[PDB]
Each structure stands twice: as structure tokens, then as C-alpha cells.
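Working notes, structure below.
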Amino acid sequence: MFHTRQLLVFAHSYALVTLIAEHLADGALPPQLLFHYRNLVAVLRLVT
Amino acid sequence: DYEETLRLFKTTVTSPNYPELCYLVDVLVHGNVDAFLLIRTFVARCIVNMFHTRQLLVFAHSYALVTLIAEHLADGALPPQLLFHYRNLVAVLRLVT
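If you read the sequences in order, they're chains A and B.
Numbering follows our numbering, in which position 5 of the first sequence is assigned residue number 5; successive positions increment by one, without gaps.
Quick note, our numbering runs 100 ahead of the 1-based positions in the second sequence.
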């Protein structure tokens with residue numbers, strides 16, 4: 001979906017974003033797509 | 101100007117996916133030069149693989165490994181970009197002192 005529609009998917013839920021950041025980080029995704037979810041987590045920590 | 105190396109240092113150190121193998125190799129080398137030299141090629145392969153598939157430096161958590169990589173891993177088999185990040189780390193250590 002990032003390559004065809006140009007959007008990061010599963011963003012609508014906290015659980016999918018957090019699980020993608022945590023468990024899809026040992027490979028699996030290209031680094032940029034991973035970094036987007038890690039950045040969403042970092043935004044939440046920043047707000048804290 | 102060492103702020104790009106320090107941005108990569110920040111991302112590496114604060115990243116939650118930092119590989120567990122680095123702590124093991126850190127405790128297994130514990131500052132020995134000859135231990136690092138015996139593990140040398142393994143270390144370079146880990147650095148390249150984690151820079152390209154993750155996006156973070158490797159062994160940057162520990163002073164000993166950073167210094168050993170800066171000094172002994174400067175022949176080659178490590179691309180000059182990674183090597184210069186490690187050089188800039190030791191140069192920041194030298195600047196502060």
C-alpha cells in the first residue's frame with residue numbers, strides 16, 4: 001500500500017501501530033516504513 | 101560539525117530494536133584488543149548489515165567497541181561512511197577533553 005497508494009496503513013489503531021513498531025523491526029519492513037511507526041511512538045512519548 | 105554523526109548516535113542508542121548480539125560481543129570482548137582482532141570480520145559484517153537493514157550504528161553503546169572499531173577496523177572491509185561515523189565519535193571524545 002505504501003508503494004501503490006502512497007499511504008501507511010493500519011494507522012487507525014493504537015494496537016496495530018504499536019505492534020508494527022515493536023515486532024516488525026527486526027527486518028521485514030524497509031527502514032523508512034519502520035521509521036514512520038517508530039516516529040508515531042516517539043510522538044506519543046514526546047506528548048507524555 | 102559532528103551533528104550528523106551525533107544524530108545517528110541518538111537514533112541508534114534510543115532505538116528499541118537495538119540488537120542483543122552487541123551486548124554479548126561487548127561482554128565477550130571486554131576491551132581486549134586481540135579478542136576484537138579475532139572477531140574482527142564478524143564485527144564489520146554486523147555493522148554493515150545493521151546499518152543497511154536497520155538504520156542504526158552497531159556497538160555504539162560501549163566505549164571499548166567504538167574505540168576498537170575506530171582504530172583497528174580502518175583497513176577496509178568496512179565502507180568509509182560507517183568508519184567515518186566511528187571516527188567522528190572518537191573525535192567528539194577528543195574534542196571535549
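Where is the CB? At the ideal position from N, CA and C, for every residue including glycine.
Would residue i and residue j qualify as a contact pair, given that the criterion is a beta-carbon distance under 8 angstroms?
i                 : j                 : result
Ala191 of chain B : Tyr102 of chain B : yes
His172 of chain B : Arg140 of chain B : yes
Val143 of chain B : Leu182 of chain B : no
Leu168 of chain B : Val133 of chain B : yes
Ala160 of chain B : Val113 of chain B : yes
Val158 of chain B : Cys146 of chain B : yes
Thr105 of chain B : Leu156 of chain B : no
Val17 of chain A  : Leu46 of chain A  : no
Which class does residue i belong to by DSSP, given the choice of helix, strand or coil?
i                      : result
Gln181 of chain B      : helix
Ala15 of chain A       : helix
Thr105 of chain B      : helix
residue 199 of chain B : Past the edges of chain B, shown from 101 to 197, lies residue 199 of chain B, and the structure says nothing about it.
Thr112 of chain B      : helix
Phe151 of chain B      : helix
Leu46 of chain A       : helix
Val41 of chain A       : helix
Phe10 of chain A       : coil
How about residue i: is its C-beta nearer than 8 angstroms to some C-beta of chain A?
i                 : result
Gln181 of chain B : no
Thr153 of chain B : yes
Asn117 of chain B : yes
Could you name the residues of the same chain whose beta carbon sits closer than 6 angstroms to that of residue i, not counting the 5 residues immediately before and after it, in chain order?
i                 : result
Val129 of chain B : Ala135, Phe136
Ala164 of chain B : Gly131
If you measure from the beta carbon of residue i to each beta carbon in chain B, is any gap under 8 angstroms?
i                : result
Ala25 of chain A : yes
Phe10 of chain A : no
Below 8 angstroms CB to CB, which residues in the same chain sit around residue i once its five sequence neighbours on both sides are set aside?
i                 : result
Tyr123 of chain B : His161
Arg154 of chain B : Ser115, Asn117, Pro119
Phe2 of chain A   : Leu8, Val9, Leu33
What ranges does the alpha helix (DSSP H) occupy inside the region 115-139 of chain B, keeping only unbroken runs of at least 4 residues that lie completely in it? 121-129, 133-138
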